[PDB]
Colleague: 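Sending over a structure as structure tokens; questions will come in a sec.
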There are 2 protein chains.
Amino acid sequence: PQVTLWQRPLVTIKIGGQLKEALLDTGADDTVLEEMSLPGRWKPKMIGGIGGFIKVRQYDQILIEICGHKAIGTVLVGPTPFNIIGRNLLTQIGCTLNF
Amino acid sequence: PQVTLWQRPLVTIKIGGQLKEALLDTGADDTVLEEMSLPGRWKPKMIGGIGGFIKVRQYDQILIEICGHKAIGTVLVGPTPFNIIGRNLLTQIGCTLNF
Ligand SMILES: O=C(Nc1nccs1)c1cccc(CN2C(=O)N(Cc3cccc(C(=O)Nc4nccs4)c3)[C@H](Cc3ccccc3)[C@H](O)[C@@H](O)[C@H]2Cc2ccccc2)c1
């Protein structure tokens, strides 16, 4: 759908049998999700943002349905204020930025 | 123009007589530029990012060319690692997110 930027672009995602709300985020290379339970294995990782670096658990390849659209990729779970869908999944649902 | 997100969506801005590149960031409510020489005076603000919070100078009423497009807005200048243009200016250059 087309989404204007007068408001945060949040979408509903279902991950892991749970529904979440997440921000669509063109500056983020990676999807980062607030602490939640996934089944399976993960790797420790660190990413930086404004403010600092956080240590995060890298899970792949997780199925996520974002709006209607299914995608599979790496998600990282950690101490983020908000669930962020970054460009690794945005490419997968065909998202463009248009001005 | 239409950007796909296989790379980071970078644009040239002209800000304060200086040419820079910045990231078009739908997740960022506020535009934050690395420290630079801006005239005029300002107010301290803090904003929060993913690794915590950063303290920045707030200038209002700043002219930016972002691609061909002039906008006038609030710019925070401070300890970011990238120049981010956020939704306060994105909305002025008429940016849409599309999937
Ligand atoms: O993959 C990532 N990093 C990797 N590291 C290594 C490999 S990959 C990664 C994934 C998600 C987010 C980010 C880090 N990140 C942020 O920290 N901010 C804070 C931000 C940026 C700009 C403005 C504001 C703002 O307006 N804050 C405000 N607070 C109060 C009022 S306004 C906030 C938000 C997201 C956000 C919003 C609210 C709370 C928390 C975060 C941006 O929207 C993101 O795109 C991105 C920007 C960025 C990108 C690269 C390096 C540094 C910074 C990085």
Side-chain angles (χ1 to χ4, degrees), chain A residues 2-9 23-32 46-54 80-82 84-88 90-91 95-99, chain B residues 1-98:
Chain A
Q2 193 186 82
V3 16
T4 57
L5 298 174
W6 296 99
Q7 36 209 10
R8 294 196 192 158
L23 187 65
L24 263 6
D25 187 346
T26 56
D29 304 336
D30 281 339
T31 294
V32 189
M46 283 166 272
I47 61 177
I50 292 295
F53 274 64
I54 62 172
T80 170
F82 302 124
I84 290 170
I85 311 291
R87 282 162 52 238
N88 74 315
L90 297 167
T91 51
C95 185
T96 46
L97 191 53
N98 292 258
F99 65 102
Chain B
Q2 183 172 79
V3 163
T4 56
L5 285 162
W6 302 98
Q7 282 293 343
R8 300 182 179 174
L10 290 157
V11 297
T12 318
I13 71 175
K14 175 153 53 165
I15 170 68
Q18 298 154 74
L19 264 19
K20 306 297 184 57
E21 290 181 64
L23 182 79
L24 259 38
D25 193 336
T26 59
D29 315 283
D30 271 347
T31 295
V32 192
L33 303 172
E34 296 182 273
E35 243 279 304
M36 62 180 302
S37 299
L38 286 196
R41 271 112 309 147
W42 62 266
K43 277 167 271 183
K45 176 183 171 65
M46 291 195 316
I47 60 151
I50 213 179
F53 59 99
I54 257 177
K55 186 142 71 177
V56 292
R57 288 89 279 162
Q58 183 194 149
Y59 290 81
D60 303 27
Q61 215 70 354
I62 303 300
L63 184 58
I64 320 212
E65 262 70 281
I66 300 162
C67 283
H69 311 251
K70 321 156 191 165
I72 197 102
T74 313
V75 160
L76 279 33
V77 164
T80 175
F82 281 114
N83 305 302
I84 304 301
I85 79 156
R87 296 185 294 105
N88 71 316
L89 258 10
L90 243 33
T91 268
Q92 285 184 53
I93 59 187
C95 202
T96 47
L97 211 49
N98 200 89

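Just so it is clear: chains get the letters A, B, ... in the order the sequence lines come, proteins before strands, and each one is counted from 1. Every heavy atom of this structure was used, including side-chain atoms; hydrogens, water molecules and symmetry mates were not.
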Colleague: If you define the side chain from C-beta out and look only at heavy atoms, does anything of B/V56 sit under 4.5 Å from B/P44?
Modeller: no

Colleague: Less than 4.5 Å apart, side chain to side chain, heavy atoms only: is that true for B/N88 and B/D29?
Modeller: no

Colleague: Which atoms form the tightest heavy-atom contact between A/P9 and B/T26, and what is the distance?
Modeller: CD-O, 3.7 Å

Colleague: Report yes if the side chains of A/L97 and B/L97 come closer than 4.5 Å at any heavy-atom pair, otherwise no.
Modeller: yes

Colleague: Rounded to the nearest 0.5 Å, how far does CG of B/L24 lie from CG of B/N83?
Modeller: 12.0 Å

Colleague: Which pairs pass ring pair (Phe, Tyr, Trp, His ring centres under 6.0 Å) with one or both residues in residues 67-97 of chain B, sequence neighbours excluded?
Modeller: A/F99-B/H69

Colleague: Is the shortest side-chain heavy-atom distance between B/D25 and A/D25 below 4.5 Å?
Modeller: yes

Colleague: Side chain to side chain donor-acceptor pair (under 3.5 Å) for A/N98 and A/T96? Distances and angles first, verdict last.
Modeller: CA-CA 6 Å; A/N98 292 258; A/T96 46; 3.0 Å; yes

Colleague: Find the distance between CG (B/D60) and CD1 (B/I72) and round it off to the nearest 0.5 Å.
Modeller: 10.5 Å

Colleague: May I ask you to test the B/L76-B/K45 pair for a side-chain heavy-atom distance under 4.5 Å?
Modeller: yes

Colleague: To the nearest 0.5 Å, what is the distance between CG (B/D30) and CD1 (B/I85)?
Modeller: 12.0 Å

Colleague: Find out whether B/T4 and A/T91 are in side-chain contact, i.e. whether some heavy atom of one side chain is under 4.5 Å from a heavy atom of the other.
Modeller: no

Colleague: Roughly how far, to the nearest 0.5 Å, is the CD atom of B/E65 from the CG atom of B/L19?
Modeller: 10.0 Å

Colleague: Count the heavy atoms of every other residue, nucleotide or ligand shown that sit under 6.0 Å from CE of B/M36, and state whether that count exceeds 12.
Modeller: yes

Colleague: Which atom pair, heavy atoms only, marks the closest approach of B/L38 to B/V75?
Modeller: CD1-CG1, 4.5 Å

Colleague: Compare all side-chain heavy atoms of B/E35 with those of B/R57 and state whether any distance is below 4.5 angstrom.
Modeller: yes

Colleague: Mind checking whether B/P81 and A/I50 have side chains closer than 4.5 Å, heavy atoms only?
Modeller: yes

